[PDB]
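The structure appears below as structure tokens.
There are 2 protein chains.
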Amino acid sequence: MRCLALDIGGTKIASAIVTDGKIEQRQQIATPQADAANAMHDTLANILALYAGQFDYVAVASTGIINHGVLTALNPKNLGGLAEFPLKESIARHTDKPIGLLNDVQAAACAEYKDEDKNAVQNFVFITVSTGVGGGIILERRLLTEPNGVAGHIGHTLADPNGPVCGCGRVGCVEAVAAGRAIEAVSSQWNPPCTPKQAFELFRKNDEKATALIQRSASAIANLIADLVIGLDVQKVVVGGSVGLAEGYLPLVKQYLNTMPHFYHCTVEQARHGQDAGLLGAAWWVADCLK
Amino acid sequence: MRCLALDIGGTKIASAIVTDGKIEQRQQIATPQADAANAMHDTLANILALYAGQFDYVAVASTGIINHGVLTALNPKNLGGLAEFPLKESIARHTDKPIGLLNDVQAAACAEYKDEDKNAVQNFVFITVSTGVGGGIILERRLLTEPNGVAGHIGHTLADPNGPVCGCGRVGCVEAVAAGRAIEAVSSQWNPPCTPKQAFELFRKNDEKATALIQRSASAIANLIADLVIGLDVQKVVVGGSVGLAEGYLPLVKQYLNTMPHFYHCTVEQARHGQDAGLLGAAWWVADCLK
Ligand SMILES: CC(=O)N[C@H]1[C@@H](O)[C@H](O)[C@@H](CO)O[C@@H]1O
Ligand SMILES: CC(=O)N[C@H]1[C@@H](O)[C@H](O)[C@@H](CO)O[C@@H]1O
Ligand SMILES: [Zn+2]
Ligand SMILES: [Zn+2]
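Residue numbers (the authors' numbering), protein chains in the order written: chain A, 1 to 291; chain A', 1 to 291. A prime marks a further copy of an entry chain.
As structure tokens, then:
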């Protein structure tokens, strides 16, 4: 009845107490990256110290392939280099109340979907374009998680066969060319260097060099959406993250989508829950899971 | 209890009487292509003349987006040019016994899956590489068909952004670069012209020109499989069709798949039911549908 939500990311770790669908007591600490396999027990330790007592169960929403309370990183460059981490057991040191875990954008998808007309929209996909690219797939009003939580990892479906090589090891993933870190990898090597946020500012001023960089990312996502519409009959796609919500972006994605045959069209919308979706969604999904 | 199976394709139309899972009375006529919107009523008319009496229900398995007894062609160049055809109503002229319709490779997938250990394999995908490229997706031991039968059309997910333009209208589909007709489109313009079957013969003799053509197709499929493993946690992929079953091909696909990180691996196997899978599968799925 009283829930501790965590949102482990590449960059920060959000936490809060989620109680009847509202968020209170919201903290966030930077995610440790050097010596992460050890540094993270200590971070979790500190988090369940400040909250202990105020929760009955914990609801984890983190990046990586979340399966059997172990986080396996597909692209570990989104974690300073960290390949896997025993997430469930490390929260077990600080409470023996029950622990539910779930990928960070699968969780966000539950937040974004359980206010939609589940009659008109039964094939739904949330897509985040942030430090990485990921998704959470709802098919027949259900979250796709079986058997090993791998379901939804559409940032590592192919975007270009001649594309850059991904952190995951495969050539050409959507993530390798569309994510915040793919943009930053090209823009931080400009003279002078640019953060992705500054690249967008030049994009909004019609700089061709910056526009090319942003178009490289929007087109890939447009294609990924088309792939989801044609391959799964996805009716709606909601797009979030620090790059999806960038001003001018979803308009640009949608432009590419409309040059495609109408077979590839569907509703494409911005996310209503921002950076709280991970915590909210992760709570509801651990609620639903204990009946 | 006694079923009329049809397998409408780009090239031929197979028919048979399917009774307790065995096929008898198997005919096949060329598929009319000139004046197809009219020519096909006549072909169906002729088919329900030779069989009438020997069936209790009909089970249709055809190419295209099969929804509400209407065939909508996504790539209509797989039908001489035919954009849509009222399939259900045109079988209604010749019997008022019940009519079940289903895409041709969704149907094949039921044939290929309902002999698999439904315990080890619950995320299963049949993939055909024939005149076109298509698939039928089983997720949680169920066929993916809702809401409009579009589910499974993975031949029109992206294989190359700089790729050829597909019949469907979109740049770069797997079909546009991997199917029999994509191969034939390159090989029939050689001097001298080559059928796809003859291109494979040169491939098997290590001709670099022919090998390049075949590698262009195998790599795309390997990637499509990787996309399915990483995006849906597909455990098994079975690969059929006049190109999947070509000697040397699935070995070549699998070679590309193994150069990828182990996250993208899964069981990849040849189809056990050949050109009868469409009829068999379509029967069982119309059985299961009337309980
Ligand atoms: C560590 C890791 O592999 N993260 C994946 C994926 O699982 C995340 O959900 C996604 C969200 O940022 O980005 C990344 O693609
Ligand atoms: C007419 C048409 O659009 N056929 C599609 C698809 O629906 C078929 O199932 C597939 C099988 O040959 O090829 C083609 O990609
Ligand atoms: Zn990748
Ligand atoms: Zn296409």
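Don't be surprised by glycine CBs; every beta carbon is placed ideally from N, CA and C.
Pick from the options: whose alpha carbon is nearest that of residue i?
i: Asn67 (chain A); options: A:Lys77, A:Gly80, A:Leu87; result: A:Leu87
i: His41 (chain A'); options: A':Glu24, A':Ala52, A':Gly10, A':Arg93; result: A':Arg93
i: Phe126 (chain A'); options: A':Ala107, A':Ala282, A':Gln189, A':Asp276; result: A':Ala107
i: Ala159 (chain A); options: A':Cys168, A':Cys173, A':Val150; result: A':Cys173
i: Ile65 (chain A'); options: A':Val229, A':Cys266, A':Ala179, A':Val150; result: A':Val150
i: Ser62 (chain A); options: A:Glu247, A:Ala5, A:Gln27; result: A:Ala5
i: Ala36 (chain A'); options: A':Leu79, A':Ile183, A':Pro192; result: A':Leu79
i: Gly69 (chain A'); options: A':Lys77, A':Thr19, A':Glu84, A':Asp56; result: A':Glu84
i: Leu44 (chain A'); options: A':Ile29, A':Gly53, A':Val239, A':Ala34; result: A':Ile29
i: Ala282 (chain A); options: A:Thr11, A:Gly10, A:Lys22; result: A:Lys22
i: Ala287 (chain A'); options: A':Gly53, A':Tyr57, A':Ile8, A':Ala14; result: A':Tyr57
i: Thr259 (chain A); options: A':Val253, A':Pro161, A':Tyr264, A':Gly169; result: A':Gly169
i: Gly248 (chain A'); options: A':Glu89, A':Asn206, A':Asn103, A':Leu143; result: A':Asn206
i: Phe263 (chain A); options: A':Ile8, A':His153, A':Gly9; result: A':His153
i: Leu50 (chain A'); options: A':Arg26, A':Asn38, A':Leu228; result: A':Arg26
i: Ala34 (chain A); options: A:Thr19, A:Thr11, A:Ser15; result: A:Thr11
i: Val105 (chain A); options: A:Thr31, A:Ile137, A:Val18; result: A:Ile137
i: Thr31 (chain A); options: A:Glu24, A:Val18, A:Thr19, A:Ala14; result: A:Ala14
i: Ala220 (chain A'); options: A':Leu257, A':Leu202, A':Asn38; result: A':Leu257
i: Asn148 (chain A); options: A:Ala218, A:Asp233, A:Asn103; result: A:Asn103
i: residue 307 (chain A'); options: A':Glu89, A':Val253, A':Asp227; result: For residue 307 (chain A') there is no data in the structure shown, the boundaries of chain A' being 1 and 291.
i: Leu228 (chain A'); options: A':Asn191, A':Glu201, A':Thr267; result: A':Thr267
i: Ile17 (chain A); options: A:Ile230, A:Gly9, A:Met1; result: A:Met1
i: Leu82 (chain A); options: A:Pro98, A:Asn38, A:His265; result: A:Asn38
i: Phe203 (chain A); options: A:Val243, A:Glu146, A:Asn123, A:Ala222; result: A:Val243
Output yes if chain A places a C-beta closer than 8 Å to the C-beta of residue i; else output no.
i: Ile154 (chain A'); result: yes
i: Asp117 (chain A'); result: no
i: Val150 (chain A'); result: yes
i: residue 311 (chain A'); result: This structure cannot speak to residue 311 (chain A'), because chain A' is shown only from 1 to 291.
i: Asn46 (chain A'); result: no
Tell me, please, whether the CB atom of residue i is closer than 8 Å to any CB atom in chain A'?
i: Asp104 (chain A); result: no
i: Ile230 (chain A); result: yes
i: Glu140 (chain A); result: yes
i: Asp227 (chain A); result: yes
i: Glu146 (chain A); result: yes
i: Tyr264 (chain A); result: yes
i: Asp207 (chain A); result: no
i: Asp288 (chain A); result: no
i: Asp233 (chain A); result: yes
i: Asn38 (chain A); result: no
So what does residue i bridge to, in DSSP terms?
i: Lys12 (chain A); result: A:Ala30
i: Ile17 (chain A'); result: A':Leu4, A':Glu24
i: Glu269 (chain A); result: A:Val238
i: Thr128 (chain A); result: A:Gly134, A:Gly240
i: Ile221 (chain A); result: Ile221 (chain A) is not bridged to any residue.
i: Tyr57 (chain A'); result: A':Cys3
i: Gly100 (chain A); result: A:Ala59
i: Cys173 (chain A'); result: A':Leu158
i: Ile65 (chain A'); result: A':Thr72
i: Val165 (chain A); result: A:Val171
i: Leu139 (chain A'); result: A':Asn123
i: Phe85 (chain A); result: A:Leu71
Is residue i near ligand 6 - that is, is its Cβ less than 7 Å away from at least one heavy atom of it?
i: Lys118 (chain A); result: The ligand content of the structure shown is limited to ligand 1, ligand 2, ligand 3 and ligand 4, which means ligand 6 is not among them.
Check distances from the C-beta atoms of the region 152 to 177 of chain A to those of chain A' and list, in chain order, the residues that come in under 7 Å. Correct list: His153, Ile154, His156, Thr157, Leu158, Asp160, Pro161, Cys168, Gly169, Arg170.
Scan the region 237 to 260 of chain A' for residues whose Cβ lies nearer than 8 Å to a Cβ of chain A and list them as they occur along the chain. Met260
Mind checking the region 62 to 78 of chain A' against chain A and listing, in chain order, the residues whose C-beta falls within less than 9 Å of any C-beta there? Cβ contacts with chain A: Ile65, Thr72, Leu74.
If the cut-off is 9 Å on Cβ atoms, which residues from the region 109 to 134 of chain A count as contacting chain A', listed in chain order? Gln122, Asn123
Give me every residue whose Cβ sits closer than 6 Å to any heavy atom of ligand 3, in chain order. With the cut-off at 6 Å, the residues found are A:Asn75, A:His156, A:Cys166, A:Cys168, A:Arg170, A:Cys173, A:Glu175, A:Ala176.
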